[PDB]
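See below for the structure under consideration.
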Amino acid sequence: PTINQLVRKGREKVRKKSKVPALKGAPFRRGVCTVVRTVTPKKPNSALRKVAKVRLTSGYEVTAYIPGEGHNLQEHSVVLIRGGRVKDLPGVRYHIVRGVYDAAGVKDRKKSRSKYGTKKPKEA
Amino acid sequence: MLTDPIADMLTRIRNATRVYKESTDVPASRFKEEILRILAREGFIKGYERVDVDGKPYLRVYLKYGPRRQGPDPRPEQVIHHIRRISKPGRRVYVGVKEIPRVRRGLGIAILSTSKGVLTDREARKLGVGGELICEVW
Amino acid sequence: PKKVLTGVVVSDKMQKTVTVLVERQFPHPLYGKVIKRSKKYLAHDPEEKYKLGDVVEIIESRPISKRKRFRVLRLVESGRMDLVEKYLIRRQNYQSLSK
Amino acid sequence: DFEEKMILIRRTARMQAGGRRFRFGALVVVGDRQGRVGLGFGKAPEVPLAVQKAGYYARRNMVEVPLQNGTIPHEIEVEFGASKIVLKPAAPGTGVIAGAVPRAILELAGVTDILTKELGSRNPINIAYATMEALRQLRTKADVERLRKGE
Amino acid sequence: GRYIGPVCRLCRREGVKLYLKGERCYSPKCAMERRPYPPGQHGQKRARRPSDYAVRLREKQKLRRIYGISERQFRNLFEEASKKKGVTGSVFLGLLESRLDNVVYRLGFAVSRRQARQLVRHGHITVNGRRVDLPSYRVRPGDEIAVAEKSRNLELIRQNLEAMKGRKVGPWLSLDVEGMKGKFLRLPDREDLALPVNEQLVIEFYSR
RNA sequence: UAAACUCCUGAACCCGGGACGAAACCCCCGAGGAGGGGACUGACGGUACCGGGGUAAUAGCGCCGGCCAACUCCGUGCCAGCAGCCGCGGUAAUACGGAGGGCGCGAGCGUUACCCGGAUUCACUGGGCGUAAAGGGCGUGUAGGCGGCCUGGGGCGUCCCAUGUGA
RNA sequence: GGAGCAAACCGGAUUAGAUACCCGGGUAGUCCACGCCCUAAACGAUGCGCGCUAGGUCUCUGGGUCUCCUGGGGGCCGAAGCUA
Ligand SMILES: [Mg+2]
Ligand SMILES: [Mg+2]
Ligand SMILES: [Mg+2]
Ligand SMILES: [Mg+2]
Ligand SMILES: [Mg+2]
Ligand SMILES: [Mg+2]
Ligand SMILES: [Mg+2]
Ligand SMILES: [Mg+2]
Ligand SMILES: [Mg+2]
Ligand SMILES: [Mg+2]
Ligand SMILES: [Mg+2]
Ligand SMILES: [Mg+2]
Ligand SMILES: [Mg+2]
Ligand SMILES: [Mg+2]
Ligand SMILES: [Mg+2]
Ligand SMILES: [Mg+2]
Ligand SMILES: [Mg+2]
Ligand SMILES: [Mg+2]
Ligand SMILES: [Mg+2]
Ligand SMILES: [Mg+2]
Ligand SMILES: [Mg+2]
Ligand SMILES: [Mg+2]
Ligand SMILES: [Mg+2]
Ligand SMILES: [Mg+2]
Ligand SMILES: [Mg+2]
Ligand SMILES: [Mg+2]
Ligand SMILES: [Mg+2]
Ligand SMILES: [Mg+2]
Ligand SMILES: [Mg+2]
Ligand SMILES: [Mg+2]
Ligand SMILES: [Mg+2]
Ligand SMILES: [Mg+2]
Ligand SMILES: [Zn+2]
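Residue numbers (the entry's author numbering), protein chains in the order written: chain AL, 4 to 127; chain AH, 1 to 138; chain AQ, 2 to 100; chain AE, 5 to 155; chain AD, 2 to 209.
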């Protein structure tokens with residue numbers, strides 16, 4: 004592009020979509036469970052994953068994945084979505100924060116607790 | 001009609017030097033003289049004279065080159081490695097003083113017109129002025 | 002100092018008012034190449050002296066009307082319609098753009 | 005008896021009935037650490053040999069580096085067709101700020117204050133060659149007026 | 002503050018003899034004289050060529066660990082180094098030295114820097130009359146890094162004093178061993194220094 | 001050397017003393033002025049700080065397949081789960097979970113969100129278009145952009161100097 | 001307007017099937033006048049203009065006493081240089 008061109012038209016300011024519509028700028032959003040259930044993984048994997056649809060404060064409604072071995076999520080559990088995609092499964096753009104609300108952490112986990120809401124045990 | 005006389009010559013020079021031609025012409029101008037008058041001053045050209053071609057004014061620029069070379073490819077070094085116009089006709093460049101380039105850390109020269117002449121990076125600098133950055137060579 | 006401008010008069014159809022067009026020039030903030038833009042000013046002319054095609058000095062002035070805050074200072078050269086030629090041509094290619 | 009360190013060591017492979025057979029490639033830089041340097045590329049059906057093969061073309065190939073208190077006489081952009089790379093001189097107390105590859109080439113070259121970045125393809129190999137032939141063009145204030153003079 | 006945990010242990014990862022210990026590190030045992038290899042189940046097996054990372058990395062961890070100092074603090078100094086004129090690699094180090102708890106070591110009023118910190122922090126030291134206890138305190142040139150009144154005749158003070166007789170120390174310094182006090186001549190030249198560390202490699206890692 | 005053990009230091013804690021922040025308006029000389037002198041007033045606070053006594057006296061989080069610093073043992077067997085991407089787990093897993101060990105950093109360590117960077121991936125600086133994405137199917141022309149050689153007038157851009165301004 | 005050809009269509013054959021390939025037949029269409037459509041591998045997949053930078057070879061076309069110089073097109077091979 005000649006400069007005269009640049010002066011006329013100009014360089015199109017790039018722009019990017021938000022891989023997660025949680026809220027205007029919210030870091031997480033409080034949701035509530037509707038369905039809760041195992042769903043088979045994608046192309047190269049297979050292993051009945053844990054997810055739940057989540058009626059939102061934001062009037063929305065979406066699936067969020069549940070991390071860790073086993074969960075206490077029932078068809079009404081208030082919940083907290085942290086939001087992070089999952090190559091494994093379609094549509095799941097959000098992760099659920101174990102450790103807050105009816106998101107009970109995992110039991111018996113020693114490693115990388117924080118990431119799974121579990122308090123640090125004791126030895127005595 | 002040629003859009004820019006100037007970079008046209010510099011091209012002449014460039015293409016020429018690349019096959020090592022002793023000297024090559026270029027239509028005459030008060031300005032190109034002045035340009036060359038610096039190509040000489042600073043030792044990029046051996047020099048130039050208002051040679052004629054068919055009643056038409058030109059300039060013989062007599063090209064400086066390196067010594068022959070040893071090993072694969074007897075390619076002479078190059079007196080003019082790199083020449084390129086800056087302030088183009090499509091986009092005028094007009095540097096103030098504290099804005100003049102420092103071509104290749106001194107080794108490089110930068111010509112440029114000025115209200116007090118056709119100076120250079122240091123000549124205009126030391127003289128203490130600014131003007132249209134004609135081009136840089138090294 | 003009351004800013005002042007030379008632009009060509011470009012319409013006289015007003016009562017004691019005149020349209021003056023003034024190209025400024027300047028360098029593009031990122032692309033340098035001096036570019037050219039222009040604006041019309043609504044000058045006052047209580048003597049209705051200046052006619053079309055006049056090139057005029059215009060001075061920032063006390064507000065005469067909604068759009069007049071300049072007055073005609075002095076002529077600079079009569080016959081120069083060739084410029085109004087342009088302003089008219091421009092203003093006519095428009096009519097062939099709509100739908 | 006120069007200092008010696010290999011850049012990258014890769015395992016390409018060719019095809020043929022029955023199966024595929026492989027080879028390995030070793031880029032190596034080599035230098036004194038005061039102006040002598042040389043990278044060289046060698047390939048052999050096995051690693052050690054292949055590295056050794058470099059060690060040969062390494063020392064074999066070479067180039068004068070016109071240093072300057074550990075920096076350089078002036079910046080250079082040089083495009084090896086596909087890859088580009090820009091070296092710029094810097095005050096002492098800066099560092100060898102450059103990539104994996106162009107780093108070694110400069111460090112085992114006695115350099116210590118250099119501003120450099122790649123552009124275009126960042127291909128090790130291709131950037132390698134670019135970095136050499138870059139160096140092989142630096143003119144010293146001397147080298148310069150030794151040409152501009154011609155007396 | 003300083004990783005209170007096992008320290009005759011770092012000498013082992015860096016692989017260089019480091020004087021975090023006082024007497025003992027000079028003895029046969031910086032941890033290292035008996036065990037010259039890195040800690041852990043492995044480390045006694047054949048290591049591997051540190052990527053250009055590990056190198057610039059481990060060199061940093063060296064020169065840092067040597068002062069037993071806050072990463073945030075270090076990091077800061079490194080940057081302060083670029084803030085001012087001169088050769089950053091040097092002033093960084095020169096600046097490291099200005100640290101009071103480092104002077105009560107270069108001036109030897111203690112066998113270790115960690116030891117040195119205690120005393121400094123405990124008000125045991127002073128400067129020009131005031132009981133500075135801020136390990137951080139940047140020593141400018143020319144100031145009585147003395148010892149305090151309540152402190153002079155102290156048990157572990159003397160054992161380092163009676164051991165501090167003779168033995169020249171620091172061209173950028175001076176020690177009135179009798180009056181129990183030193184001076185900051187000037188800012189430690191690079192040559193005046195001698196650490197197991199390449200400053201040029203630490204700058205590298207602080208560009209990532 | 002980590003612990004144990006010996007020694008030395010002495011956060012916390014207790015005792016004592018304890019402000020700077022406040023010299024003015026207000027009072028006499030002179031003149032209610034200039035000039036000097038004369039007194040009151042501290043919420044914070046019996047805190048700051050200063051001296052005496054004085055107890056060894058909180059560690060945590062992330063990671064350790066590659067990028068990326070930091071390895072092995074067991075369990076699990078495409079299940080349980082991991083994930084930023086490349087991918088990992090279908091009996092021998094440094095990629096899952098537990099362990100020992102190691103790396104990083106420490107009153108913090110991680111996660112998520114958004115902004116700039118990397119991105120020379122909108123490119124003025126600094127990009128392209130024969131086949132990778134990209135030459136309008138071809139003309140003709142409006143506006144616009146760009147424009148050869150020499151002399152001279154103005155000096156609009158441009159340049160330089162001073163000056164106001166840029167709190 | 002309508003000879004030949006020929007989507008669609010009909011029939012024969014081939015095939016598991018054959019709404020195709022092959023064969024027999026066949027209509028718009030192909031042609032003209034006027035009007036519209038405005039697409040394409042509308043390809044050199046290369047915007048136009050201008051100045052620069054070896055030569056070798058045959059070819060179309062023009063000028064000049066003319067085993068060859070000079071100008072304009074069309075090709076192949078290749079200086080330097082560019083190029084993934
Ligand atoms: Mg600095
Ligand atoms: Mg300097
Ligand atoms: Mg101990
Ligand atoms: Mg202990
Ligand atoms: Mg005891
Ligand atoms: Mg005390
Ligand atoms: Mg009292
Ligand atoms: Mg009174
Ligand atoms: Mg009290
Ligand atoms: Mg009291
Ligand atoms: Mg307080
Ligand atoms: Mg006390
Ligand atoms: Mg590693
Ligand atoms: Mg299981
Ligand atoms: Mg296993
Ligand atoms: Mg494996
Ligand atoms: Mg494991
Ligand atoms: Mg991992
Ligand atoms: Mg950017
Ligand atoms: Mg950008
Ligand atoms: Mg561009
Ligand atoms: Mg591109
Ligand atoms: Mg085309
Ligand atoms: Mg003039
Ligand atoms: Mg004049
Ligand atoms: Mg300011
Ligand atoms: Mg039809
Ligand atoms: Mg074609
Ligand atoms: Mg060809
Ligand atoms: Mg070639
Ligand atoms: Mg070739
Ligand atoms: Mg090109
Ligand atoms: Zn030790």
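Backbone N, C-alpha and C define an ideal beta-carbon position, used for all residues, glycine too.
With its beta carbon at least 9 Å from every one in chain AE, AH:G47 lies outside the interface. Burial is judged here by how many other beta carbons sit within 10 angstroms of a residue's own beta carbon; AE:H78 has at least 16 and is buried.
Counting only beta-carbon distances shorter than 5 Å to the non-hydrogen atoms of ligand 1, the qualifying residues in chain order are AD:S83, AD:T89. Any Cβ of chain AQ closer than 9 Å to the Cβ of AH:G130 would place that residue at the interface, and such an atom is absent. Straight-line spacing of the CA atoms in AD:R209 and AQ:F27 works out to 43 Å.
For chain AD, the residues of the stretch 104-118 of chain AE that bring a beta carbon within less than 7 Å of one of its beta carbons are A104, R107, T116, in chain order. Per the C-alpha coordinates, the member of AQ:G33, AQ:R25, AQ:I36, AQ:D13 positioned closest to AQ:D46 is AQ:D13.
In the same chain as AD:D144, and ignoring 5 residues on each side of it, the C-beta atoms closer than 8 Å to its own belong to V128, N129, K184, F185, in chain order. Burial state of AL:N48 is exposed, judged by a 10 Å Cβ sphere holding fewer than 16 other Cβ atoms. Under the Cβ criterion (8 Å, minimum of three pairs), the stretch 34-47 of chain AE does not count as touching the stretch 89-104 of chain AE. At a C-beta separation below 9 Å, AQ:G33 has these neighbours in chain AH: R91, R92, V93, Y94. Within the same chain, Cβ atoms closer than 6 Å to the Cβ of AH:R75 are found at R69, the five residues on either side in sequence being excluded. Assigned with DSSP and collapsed to three states, AE:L43 falls in coil, not helix or strand. Residue range 5-19 is occupied by the alpha helix (DSSP H) that includes AH:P5.
Ranked by Cα distance from AH:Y62, the options AH:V118, AH:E22, AH:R105, AH:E123 are led by AH:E22. By DSSP's assignment, AE:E7 forms a beta bridge with AE:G35. Just so you know, the alpha carbons of AL:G102 and AL:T121 end up roughly 7 Å apart. The criterion of a C-beta distance shorter than 9 Å is satisfied by AE:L31 and AE:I129. Straight across, the Cα-Cα distance linking AH:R37 with AE:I80 is about 28 Å. A Cβ-Cβ contact shorter than 9 Å links AL:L83 with AL:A106.
Residue contact with chain AE for AD:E205: present (Cβ-Cβ distance below 9 Å to some residue of chain AE). In the same chain as AH:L133, and ignoring 5 residues on each side of it, the C-beta atoms closer than 6 Å to its own belong to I86, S87, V93, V95, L112, in chain order.
Within 10 angstroms of the beta-carbon of AD:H125 lie 16 or more other beta-carbons, which makes it buried. With a cutoff of 9 Å on beta-carbon distance, AD:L101 and AD:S137 are scored as near each other. Judged by their CB atoms, AE:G114 and AE:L71 are nearer to each other than the 9 Å cut-off. Proximity of AQ:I36 to chain AL, defined by a Cβ-Cβ separation below 9 Å, is satisfied. Taking C-beta atoms as the reference points, AE:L151 and AH:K46 fail to come closer than 9 Å.
Interface criterion not met: the Cβ of AQ:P30 is under 9 Å from no Cβ in chain AH.
The C-alpha of AD:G180 lies about 36 Å from the C-alpha of AD:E72.
Restricted to the stretch 27-90 of chain AD, not a single beta strand (DSSP E) segment is unbroken, complete and at least 3 residues in length. Note that the stretch 3-18 of chain AQ touches the stretch 48-57 of chain AQ; at least 3 beta-carbon pairs, one per stretch, sit closer than 8 Å.
Taking 8 Å as the upper bound on Cβ-Cβ separation, chain AD lies near residues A95, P96, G97, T98, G99, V100, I101 of the stretch 82-101 of chain AE. Around AL:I99, no beta-carbon contact reaches into chain AQ at under 7 Å, the shortest distance being about 47 Å.
Apart from sequence neighbours up to five positions away, the residues of its chain that approach AH:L107 with a beta-carbon distance below 8 Å are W138, ordered along the chain. In summary, AD:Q116 is buried, with 16 or more beta-carbon neighbours lying within 10 Å of its beta-carbon over all protein chains present.
Boundaries of the beta strand (DSSP E) harbouring AQ:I60: 56-61, taken from the DSSP string.
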